[PDB]
Amino acid sequence: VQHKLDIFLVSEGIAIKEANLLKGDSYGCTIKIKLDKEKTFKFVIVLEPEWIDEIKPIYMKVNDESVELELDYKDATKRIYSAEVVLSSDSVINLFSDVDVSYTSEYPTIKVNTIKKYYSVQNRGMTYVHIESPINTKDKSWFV
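Here the numbering of residues is sequential along each chain, from 1 in written sequence order, and it may depart from the entry's numbering. Residues without coordinates do not appear. Hydrogens are left out, water is left out, and the side-chain values use all remaining heavy atoms of the structure. Residues with missing side-chain atoms are left out of burial classes, side-chain pairs and their counts.

Q: Hey, could you run me through the overall build of the chain in this one?
A: Counting its regular elements, the chain contains one helix and twelve strands. Against the 2.2 N^0.38 benchmark of 15 Å for 144 residues, the chain shows a C-alpha radius of gyration of 14 Å, consistent with a compact globule. Based on the C-alpha atoms only, the size of the chain along its principal axes is roughly 45 × 35 × 25 Å. Any two residues whose heavy atoms approach within 4.5 Å are treated as being in contact. Counting contacts in the chain only where the partners sit at least 6 residues apart, residues at least 24 apart contribute 68% of the total. Helical segments are the DSSP runs of H or I of at least four residues, strand segments are the runs of E of at least two, and each set is numbered from the N terminus. In this treatment the radius of gyration is a C-alpha quantity, and the globule benchmark scales as 2.2 Å times the residue count to the 0.38 power.

Q: Whenever I open this one, the side chain of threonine 30 confuses me. Can you help?
A: Mapped onto the elements of the fold, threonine 30 is located in strand β3 (residues 28–34). Judged by its relative accessible area of 17%, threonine 30 is buried. At 2.5 Å, the side chain of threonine 30 forms a polar contact with the side chain of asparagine 94. Aside from chain neighbours lying at most four places away, what touches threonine 30 is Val92, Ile93, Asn94, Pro108, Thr109 and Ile110. Residue burial is assigned from relative accessible area. The probe radius is 1.4 Å, only protein chains are included, and a residue is buried under 20% of its type maximum, exposed over 50%, and partly exposed in between. Think of a polar contact as two N or O atoms within 3.5 Å of one another; within protein, one of them needs to be a possible hydrogen donor and the other a possible acceptor, and neighboring residues in sequence only count if both atoms come from side chains.

Q: Please clarify how the nonpolar core should be interpreted in this entry.
A: Nonpolar side chains tend toward joint burial in soluble globular proteins. For our purposes a nonpolar core is just a set of buried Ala, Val, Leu, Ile, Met, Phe, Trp, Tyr and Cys residues, chained together by side-chain atoms within 4.5 Å. If you look at the biggest cluster of nonpolar residues, it comprises 29 residues, and the most contacted ones within it are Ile7, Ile16, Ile31, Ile33, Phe43, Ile45 and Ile58. Within the residue set of this core, elements represented by two or more residues are β1 (4–9), β2 (14–17), β3, β4 (39–48), β5 (59–62), β8 (79–87), β9 (91–96) and β10 (109–113). Beyond its immediate sequence surroundings of up to four residues, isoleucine 7 is in contact with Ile14, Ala15, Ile16, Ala19, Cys29, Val44, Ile45 and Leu95. The next biggest cluster of nonpolar side chains, apart from the first, holds six residues, and it includes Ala15, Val44, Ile80 and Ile135.

Q: Explanation requested: the sheet that holds β10 in the structure shown.
A: Strand pairing in a sheet takes place through backbone hydrogen bonds and is either antiparallel or parallel in direction. If DSSP finds at least two bridges between two strands, the strands pair. Strand order across the open sheet formed by six strands is β6-β5-β9-β3-β10-β11, with mixed pairing between neighbours. For this open sheet the edge positions go to β6 (66–67) and β11 (119–123), each flanked by a neighbour on one side alone.

Q: Can you help me understand unusual backbone geometry in this one?
A: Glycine aside, residues mostly have negative phi angles, and peptide bonds mostly take the trans form. The amide bond that connects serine 133 to the next residue, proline 134, takes the cis arrangement and shows omega of -5 degrees. Here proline 134 shows up in the segment after β12 (130–132). Although it is not a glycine, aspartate 64 adopts a positive phi angle of roughly 70 degrees. Within the secondary structure, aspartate 64 sits in the loop between β5 and β6. A positive phi is found at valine 144, a non-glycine position, where the angle reads about 155 degrees.

Q: Please explain the pattern of salt bridges as it appears in this structure.
A: Pairing is possible between side chains that carry opposite charge, provided their charged atoms lie close to one another. For this document, the term salt bridge refers to a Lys or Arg side-chain nitrogen within 4 Å of an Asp or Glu carboxyl oxygen. With the rule as written, the count across this model stands at five salt bridges. Between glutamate 48 and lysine 4 there is a salt bridge; the shortest N-O distance is 3.5 Å. Taken together, the residues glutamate 48 in strand β4 and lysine 4 in strand β1 connect sequence positions 44 residues apart. Its relative accessible area of 29% is what places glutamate 48 among the partly exposed residues. Among the salt bridges present, the one from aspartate 64 reaches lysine 61, with a minimum N-O distance of 3.8 Å. Overall, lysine 61 belongs to the partly exposed group, its relative accessible area being 24%. The structure contains a network of salt bridges with shared partners spanning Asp6, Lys17 and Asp139.

Q: Can you walk me through the sheet that holds strand β7 (residues 70–74) in this structure?
A: Read across the sheet, six strands follow the order β7-β8-β4-β1-β2-β12 without closing on themselves; strand pairing throughout is antiparallel. Where the open sheet ends on each side, the last strands, each with one partner, are β7 and β12. The mean angle between the axes of side-by-side strands here comes to 20 degrees, regardless of whether they run parallel or antiparallel. Sheet topology note: the β7/β8 ladder contains four bridges and is antiparallel. Across the sheet, the residue bridging to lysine 74 is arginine 79, located in β8. Fitted lines through C-alpha atoms serve as axes, helices being fitted only where they are in contact, and the angles separating the N-to-C directions of these axes extend from 0 to 180 degrees.

Here's what the structure looks like:
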């Protein structure tokens, strides 16, 4: 059971590629943002799920508060959500299909420093997650 998942901190110009788990009907990711001043962030999440008969949704929590993902696009193959969030301090945003630990303990954890312009993968979890910055030309999607 092999879902595909890429997350794009477009505002900051960072692509989180393959945040999806190797095998398991579950996807999710956690980004820690280091931040000093009221900044807006646009998250675009592209979800390409294995064609199982229940496509679990991908919730988003900012500093342990839930935010509405907006479903920009759907087609046969992939769903694209989006969320614009005003952060004003060091903040963590949590993506998850599941809440029970047996899955979420897997999810990769990514570190963005808004201040001194580094990123990094704290944990790779059960994923082959990598990061492209600036965000690659091909992965251009979701405008209106």
